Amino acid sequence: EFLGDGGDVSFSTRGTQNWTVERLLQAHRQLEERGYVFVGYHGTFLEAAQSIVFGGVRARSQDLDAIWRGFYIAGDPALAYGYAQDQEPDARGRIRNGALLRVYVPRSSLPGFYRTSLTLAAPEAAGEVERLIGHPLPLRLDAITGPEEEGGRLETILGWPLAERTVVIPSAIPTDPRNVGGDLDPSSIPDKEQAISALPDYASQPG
(Lines of atoms letter the chains of each structure in order from A and count residues from 1; the text may use other names and numbers.)
(Lines give C-alpha, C1' and ligand atoms only; values in the text may rest on other atoms or scores of the structure.)
Protein backbone atom coordinates (compact mmCIF):
# COMPACT_ATOMS: atom_id res chain seq x y z
CA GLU A 1 0.00 0.00 0.00
CA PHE A 2 1.31 3.42 -0.87
CA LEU A 3 -1.09 5.64 1.00
CA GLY A 4 0.99 6.05 4.14
CA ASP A 5 -0.94 5.30 7.29
CA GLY A 6 -3.97 6.55 9.17
CA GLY A 7 -7.39 5.23 8.47
CA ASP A 8 -9.23 4.70 5.19
CA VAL A 9 -8.99 7.29 2.47
CA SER A 10 -12.16 8.21 0.60
CA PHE A 11 -13.18 10.93 -1.83
CA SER A 12 -15.76 13.44 -0.80
CA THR A 13 -17.30 16.53 -2.20
CA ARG A 14 -16.39 17.96 1.22
CA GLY A 15 -12.82 16.98 0.70
CA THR A 16 -10.64 13.89 0.69
CA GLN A 17 -11.05 12.03 3.96
CA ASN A 18 -8.08 11.11 6.12
CA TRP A 19 -5.57 12.76 3.87
CA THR A 20 -3.51 15.46 5.56
CA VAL A 21 -0.36 17.08 4.15
CA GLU A 22 1.71 15.26 6.75
CA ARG A 23 0.32 11.94 5.50
CA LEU A 24 1.02 12.88 1.89
CA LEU A 25 4.61 13.70 2.84
CA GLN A 26 4.97 10.26 4.35
CA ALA A 27 3.37 8.43 1.46
CA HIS A 28 5.56 10.42 -0.96
CA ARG A 29 8.81 9.66 0.93
CA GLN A 30 7.89 5.98 0.99
CA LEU A 31 7.15 5.99 -2.72
CA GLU A 32 10.55 7.33 -3.47
CA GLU A 33 12.13 4.87 -1.10
CA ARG A 34 10.74 2.12 -3.31
CA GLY A 35 12.05 3.78 -6.44
CA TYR A 36 8.94 5.54 -7.75
CA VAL A 37 8.88 9.12 -8.96
CA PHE A 38 6.12 11.76 -9.22
CA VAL A 39 5.32 12.64 -12.85
CA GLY A 40 2.22 14.77 -12.61
CA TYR A 41 -1.32 15.56 -11.47
CA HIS A 42 -4.54 14.01 -12.70
CA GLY A 43 -7.88 15.67 -12.03
CA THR A 44 -11.18 13.83 -12.07
CA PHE A 45 -14.50 12.97 -10.47
CA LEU A 46 -14.77 11.30 -7.10
CA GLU A 47 -15.87 7.92 -8.37
CA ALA A 48 -12.93 8.07 -10.80
CA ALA A 49 -10.46 9.11 -8.11
CA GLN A 50 -11.61 6.21 -5.94
CA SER A 51 -11.13 3.79 -8.81
CA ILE A 52 -7.67 5.06 -9.77
CA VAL A 53 -6.37 5.00 -6.17
CA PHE A 54 -7.89 1.62 -5.10
CA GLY A 55 -7.90 -0.44 -8.24
CA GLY A 56 -5.31 1.30 -10.29
CA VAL A 57 -5.20 3.28 -13.46
CA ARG A 58 -6.70 0.86 -16.02
CA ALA A 59 -7.21 1.53 -19.66
CA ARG A 60 -10.53 -0.28 -20.25
CA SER A 61 -11.67 -0.88 -23.75
CA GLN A 62 -10.07 1.83 -25.86
CA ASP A 63 -10.47 2.82 -29.49
CA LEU A 64 -7.56 0.79 -30.83
CA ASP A 65 -7.45 3.06 -33.89
CA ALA A 66 -7.04 6.04 -31.54
CA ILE A 67 -3.41 6.99 -31.84
CA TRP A 68 -3.32 9.43 -28.93
CA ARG A 69 -5.03 7.02 -26.60
CA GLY A 70 -3.56 7.03 -23.10
CA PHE A 71 -3.79 8.35 -19.55
CA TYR A 72 -3.58 12.13 -19.39
CA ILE A 73 -1.94 14.03 -16.53
CA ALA A 74 -0.28 17.40 -15.98
CA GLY A 75 2.71 18.65 -14.08
CA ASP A 76 0.83 21.77 -13.14
CA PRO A 77 -1.98 21.01 -10.71
CA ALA A 78 -3.76 24.07 -12.08
CA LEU A 79 -4.19 22.35 -15.42
CA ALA A 80 -5.20 19.04 -13.86
CA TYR A 81 -7.61 20.88 -11.59
CA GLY A 82 -9.78 21.93 -14.48
CA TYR A 83 -10.90 18.33 -14.97
CA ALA A 84 -11.51 17.56 -11.30
CA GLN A 85 -15.29 17.77 -11.58
CA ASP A 86 -18.33 15.90 -12.86
CA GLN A 87 -18.45 16.31 -16.63
CA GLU A 88 -22.17 15.81 -16.77
CA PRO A 89 -24.86 16.72 -14.23
CA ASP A 90 -26.56 14.12 -12.06
CA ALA A 91 -30.30 13.78 -12.94
CA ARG A 92 -31.37 16.72 -10.73
CA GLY A 93 -28.67 19.01 -12.02
CA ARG A 94 -25.71 19.02 -9.64
CA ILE A 95 -22.15 19.13 -10.95
CA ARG A 96 -19.96 18.36 -7.98
CA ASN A 97 -16.26 18.94 -7.47
CA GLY A 98 -13.65 16.33 -8.20
CA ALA A 99 -10.30 15.46 -6.76
CA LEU A 100 -6.68 15.96 -7.56
CA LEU A 101 -4.58 12.85 -7.83
CA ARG A 102 -0.80 12.63 -7.81
CA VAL A 103 0.54 10.13 -10.34
CA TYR A 104 3.78 8.22 -9.70
CA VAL A 105 5.56 5.70 -11.91
CA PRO A 106 8.29 3.15 -11.34
CA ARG A 107 11.45 5.19 -11.71
CA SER A 108 12.60 2.50 -14.10
CA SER A 109 10.24 3.93 -16.76
CA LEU A 110 11.83 7.39 -16.79
CA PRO A 111 13.89 6.31 -19.78
CA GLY A 112 10.69 6.51 -21.75
CA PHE A 113 9.62 10.07 -20.93
CA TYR A 114 10.17 12.53 -23.80
CA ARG A 115 9.14 16.16 -24.38
CA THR A 116 8.29 18.37 -27.35
CA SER A 117 7.47 22.01 -28.11
CA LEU A 118 4.94 20.97 -30.73
CA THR A 119 1.34 20.95 -29.62
CA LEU A 120 0.14 17.36 -29.63
CA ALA A 121 -2.81 17.79 -32.05
CA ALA A 122 -0.80 19.54 -34.82
CA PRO A 123 -0.03 17.46 -37.95
CA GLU A 124 3.70 17.44 -37.26
CA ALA A 125 3.29 16.23 -33.65
CA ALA A 126 2.38 12.65 -34.47
CA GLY A 127 5.44 12.09 -36.64
CA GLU A 128 7.75 13.96 -34.30
CA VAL A 129 6.44 12.06 -31.25
CA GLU A 130 6.82 8.75 -33.04
CA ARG A 131 10.35 9.93 -33.89
CA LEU A 132 11.16 10.48 -30.24
CA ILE A 133 9.54 7.32 -28.81
CA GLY A 134 11.07 5.23 -31.57
CA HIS A 135 7.90 3.60 -32.87
CA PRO A 136 4.51 4.38 -34.44
CA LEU A 137 1.80 5.66 -32.10
CA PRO A 138 -0.03 4.81 -29.81
CA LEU A 139 2.28 5.41 -26.90
CA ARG A 140 3.14 2.21 -25.12
CA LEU A 141 5.73 1.97 -22.35
CA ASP A 142 6.49 5.64 -22.84
CA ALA A 143 5.17 9.12 -22.34
CA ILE A 144 5.06 12.43 -24.13
CA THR A 145 4.77 15.87 -22.63
CA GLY A 146 3.90 18.94 -24.66
CA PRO A 147 1.73 22.11 -24.88
CA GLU A 148 -2.03 21.38 -24.55
CA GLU A 149 -2.50 23.74 -27.47
CA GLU A 150 -0.37 26.59 -28.79
CA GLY A 151 0.81 28.59 -25.80
CA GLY A 152 -1.25 26.53 -23.37
CA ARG A 153 0.11 24.69 -20.36
CA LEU A 154 1.84 21.36 -20.86
CA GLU A 155 0.06 18.03 -20.57
CA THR A 156 1.61 14.58 -20.25
CA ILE A 157 0.40 11.39 -21.88
CA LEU A 158 1.46 8.14 -20.24
CA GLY A 159 0.87 5.35 -22.76
CA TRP A 160 -1.56 2.76 -21.44
CA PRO A 161 0.98 0.04 -20.67
CA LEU A 162 2.98 2.62 -18.69
CA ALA A 163 -0.17 4.09 -17.08
CA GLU A 164 -1.13 0.79 -15.56
CA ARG A 165 2.21 0.78 -13.87
CA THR A 166 1.57 4.00 -12.04
CA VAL A 167 0.72 4.27 -8.36
CA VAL A 168 -1.69 7.07 -7.66
CA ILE A 169 -2.30 8.78 -4.31
CA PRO A 170 -4.52 11.79 -3.32
CA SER A 171 -3.19 15.35 -3.46
CA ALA A 172 -3.34 17.63 -0.45
CA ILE A 173 -4.58 20.24 -2.92
CA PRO A 174 -8.33 20.55 -2.39
CA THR A 175 -11.03 21.15 -4.95
CA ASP A 176 -13.60 23.77 -4.08
CA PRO A 177 -17.21 22.59 -3.56
CA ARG A 178 -18.37 26.21 -3.59
CA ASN A 179 -16.65 27.38 -6.81
CA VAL A 180 -16.87 24.38 -9.09
CA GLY A 181 -15.62 25.64 -12.45
CA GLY A 182 -13.39 28.24 -10.87
CA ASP A 183 -9.62 28.11 -11.32
CA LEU A 184 -7.27 26.51 -8.80
CA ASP A 185 -6.29 29.19 -6.35
CA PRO A 186 -2.47 28.99 -6.13
CA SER A 187 -2.54 29.91 -2.46
CA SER A 188 -4.55 26.74 -1.79
CA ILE A 189 -1.66 24.44 -2.77
CA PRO A 190 0.10 23.39 0.50
CA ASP A 191 3.64 24.71 0.54
CA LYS A 192 4.80 21.22 1.51
CA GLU A 193 3.12 19.61 -1.46
CA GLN A 194 4.88 22.04 -3.77
CA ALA A 195 8.12 20.97 -2.16
CA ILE A 196 7.61 17.39 -3.21
CA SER A 197 6.33 18.21 -6.67
CA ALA A 198 9.25 18.73 -8.98
CA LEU A 199 8.95 16.96 -12.31
CA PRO A 200 11.57 14.68 -13.80
CA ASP A 201 13.62 16.13 -16.66
CA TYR A 202 12.31 14.60 -19.90
CA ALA A 203 14.40 13.82 -22.95
CA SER A 204 13.98 15.81 -26.15
CA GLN A 205 16.12 13.53 -28.23
CA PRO A 206 15.13 9.94 -28.97
CA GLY A 207 17.14 7.21 -27.29
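Numbering starts at 1 and runs along the sequence shown.
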- Task: Read off the CA B-factors in the entry, average them over 142-150 and over 31-39, and name the higher stretch.
- Result: 142-150
- If you average the Cα B factors in the entry, which is higher, 99-107 or 130-138? 130-138
- Which of these, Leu46, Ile157, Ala66, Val53, has its C-alpha atom at the highest B-factor, as the entry lists it? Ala66
- Whose CA atom has the top B-factor in the entry, of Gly75, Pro123, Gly82, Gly112? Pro123
- Message: Please say which third, lowest, middle or highest, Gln26 falls into when its CA temperature factor is compared across its chain.
- Response: middle
- Note on the structure: Of the three thirds of the chain ranked by Cα temperature factor, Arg60 occupies the highest
